[PDB]
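Take a look at this single chain, the form deposited without 4-chloro-1H-benzimidazole, given in structure tokens.
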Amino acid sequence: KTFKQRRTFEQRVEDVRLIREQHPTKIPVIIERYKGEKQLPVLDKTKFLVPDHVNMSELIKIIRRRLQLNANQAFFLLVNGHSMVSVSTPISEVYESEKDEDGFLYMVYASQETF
């Protein structure tokens, strides 16, 4: 069901190695809906190549645009299981401290802060 369940550790590592080779300036991001989530839709895909210069504030804007949300729908983004201390950090920095061992950066979204 989840990305980690669909692909072996070996497979996730090799995909990150190919994104490095073919899209060297991009951060490999996995973005999943919270399994509890009732309100927001599911994304059209799971794996995203994010330009390494955008900060987390701009990534939230990007995902809200991809979900085609309106001004008063709530959106919370967990990175590596937890709240972001700051949305102003460049995703290149966030990646280096919050990447998984497989080399993806995992994110989950919900309409409640209580996931």
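Throughout, we count residues from 1 along the sequence that is shown. Heads up, when I say rigid core I mean the largest set of C-alphas that superpose within 1.5 Å between the two forms.
Relative to the displayed structure, the C-alphas of 75-83 lie farther away on average in 9 other deposited structures of this protein than those of the other candidate, with 52-60 and 75-83 compared after rigid core superposition. Per-stretch RMS Cα distance to the displayed form in 9 other deposited structures of this protein, following rigid core alignment, is highest for 105-113 when 1-9 and 105-113 are compared. Taking the PDB entry as given, 67-75 carries the higher mean Cα B factor of the two stretches 67-75 and 43-51.
Stretches 21-29 and 6-14 differ in mean CA B factor, with 6-14 having the higher one. When the modelled residues of the chain are ordered by their C-alpha B factor, residue 86 lands in the highest third.
Quick note: we don't show the form deposited with 4-chloro-1H-benzimidazole bound, though the next part is all about it.
At a distance threshold of 4.5 angstroms between non-hydrogen atoms, residue 34 is out of contact with 4-chloro-1H-benzimidazole in the deposited complex.
In sequence order, 62, 63, 66 are the residues of 61-99 having a heavy atom within 4.5 Å of 4-chloro-1H-benzimidazole in the deposited complex; the partner itself is omitted from this view.
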